[PDB]
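Tertiary structure, described
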Amino acid sequence: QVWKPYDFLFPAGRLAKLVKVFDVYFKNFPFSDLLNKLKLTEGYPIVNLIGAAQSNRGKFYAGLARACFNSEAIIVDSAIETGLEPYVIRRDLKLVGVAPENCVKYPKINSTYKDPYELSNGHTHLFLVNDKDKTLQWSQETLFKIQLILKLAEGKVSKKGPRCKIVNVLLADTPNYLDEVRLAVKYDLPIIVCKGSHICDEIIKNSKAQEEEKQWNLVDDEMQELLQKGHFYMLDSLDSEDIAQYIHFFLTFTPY
Amino acid sequence: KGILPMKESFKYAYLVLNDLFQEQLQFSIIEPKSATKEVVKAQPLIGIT
């Protein structure tokens, strides 16, 4: 058995579905059977958060959650606390976390100290991925995360229709964003670069600068090449209404 | 505020789509923005004696 589903109860929190994947490199992973068992069988619009971690973006996440609610979109992140959780819980949004099982901790009952890599309350579905040797690190789950996103957007094969729209939101609050951006560009997916992280602020600043004035101090050369090849959209706002308008636009229309 | 980095062609297409939704479905795809106007009103100087 390549995967096993569980009911996961967050301490003082919601009941989630937790799926352990025992081999992330398994050829032809049975996503159809997995998603049928989770009742995730419709095609859903997807908002994928790239490099999501704990950040001071509170009102921005309220706008993002509103746009996802109005579009019936599933949010996909890295299963750790981001500050989106209160808005997701209140609106009954589907929040899907994908993480390596070895890189995350299970929440402790009545713990006075939250670990920054603890699974956050608000996730409705958790995908904990492993290799055979249980040595998986951050970025190695990224291929599984994108394949899951593509299958969630396609839904059941019997629905003859185009897949639902997928938008990526580059937060870059963690340094491990590069592999996920590389895969998003490879699948021709739109990427919203959101203000608030040092990496995103540098990208936005350099997008407005003339070529001769561009200074890259934090962004790797590979990311600079990806910015020319991919569909990147700069959001120089932390306003809840501006992110909601961007997400709603990209979930409804493809501008390229 | 002109903050949406959008090509004019897409801006017109979105407005036409909004007018179509507003006529057919009585719903706007444009989110309402608040406009605050300072208004000067007269109040009596009721002596707080």
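Below, the structure is looked at part by part. Note that residue numbers begin from 1 in each chain and follow the written sequence, not necessarily the entry's scheme, while residues that lack coordinates are absent from the view. As a convention, the first chain written is A and the first ligand written is 1, with the rest following in written order. What you see is one piece of a larger assembly, and the values refer to that piece, not the whole. Water and hydrogen atoms play no part in the side-chain values, which are based on all heavy atoms of the structure.

**Re the overall build of chain B**
A count of helices and strands for chain B gives one helix and zero strands. Once the C-alpha set of chain B is aligned to its principal axes, its extents read approximately 65 × 30 × 10 Å. We call a residue buried when its accessible area falls under 20% of the maximum for its residue type, exposed when it is over 50%, and partly exposed in between, using a 1.4 Å probe and counting protein chains only. With 49 residues in all, chain B has 4% of them scored as buried. Computed with the Shrake-Rupley method and a 1.4 Å probe, the accessible areas treat only the protein chains shown as cover for residues. Counting every atom, chain B has about 5300 Å² of accessible surface; 59% of that belongs to carbon and sulfur. Numbering of helices and strands runs from the N terminus; a helix is a DSSP stretch of H or I covering at least four residues, while a strand is a stretch of E covering at least two.

**A few points about the nonpolar core**
Residue and element names in this part refer to chain A. Counting 30 residues, the largest nonpolar core has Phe29, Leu34, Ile46, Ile74, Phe127, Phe144 and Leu148 as the members making the most contacts within it. Elements that contribute at least two residues to this core include exactly strand 2 (15–21), helix 1 (31–37), strand 4 (74–77), strand 5 (95–100), strand 6 (125–129) and helix 4 (142–154). Top contributing element to this core by residue count: helix 4, with seven residues. Two residues form a contact once any of their heavy atoms are found within 4.5 Å. Among all residues touching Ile46, those that are not within four sequence positions of it are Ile74, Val76, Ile149, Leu152, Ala153, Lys165, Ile166, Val167 and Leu251. Each nonpolar core is a collection of buried residues, namely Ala, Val, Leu, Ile, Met, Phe, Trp, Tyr and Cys, held together in the definition by side-chain atoms within 4.5 Å. Ranked by size, the runner-up nonpolar core spans 27 residues in total, among them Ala52, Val88, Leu171 and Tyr246.

**Observations regarding the sheet that holds strand 4 of chain A**
Backbone-to-backbone hydrogen bonds pair the strands of a sheet. The strands run either parallel or antiparallel. Residue and element names in this part refer to chain A. Read across the sheet, nine strands follow the order 1-2-6-5-4-3-7-8-9 without closing on themselves; strand pairing throughout is mixed. The strands lining the two open edges of the sheet, one partner per strand, are strand 1 (3–9) and strand 9 (232–235). For this sheet the average axis-to-axis angle between neighbouring strands, irrespective of direction, equals 20 degrees. Two strands pair if DSSP finds at least two bridges between them. Fitting a line to C-alpha atoms yields each axis, with helices limited to the stretch in contact; the angle taken between N-to-C directions then spans 0 to 180 degrees.

**A word on helix 1 (residues 8–25) of chain B**
With 18 residues, helix 1 of chain B extends 25 Å from end C-alpha to end C-alpha; this agrees with the ideal 26 Å at 1.5 Å per step. Immediately beyond the C-terminal end of helix 1 of chain B, within one or two residues, lies B:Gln26, with a positive phi of roughly 50 degrees. Helix span, as expected, comes to 1.5 Å for every residue beyond the first.

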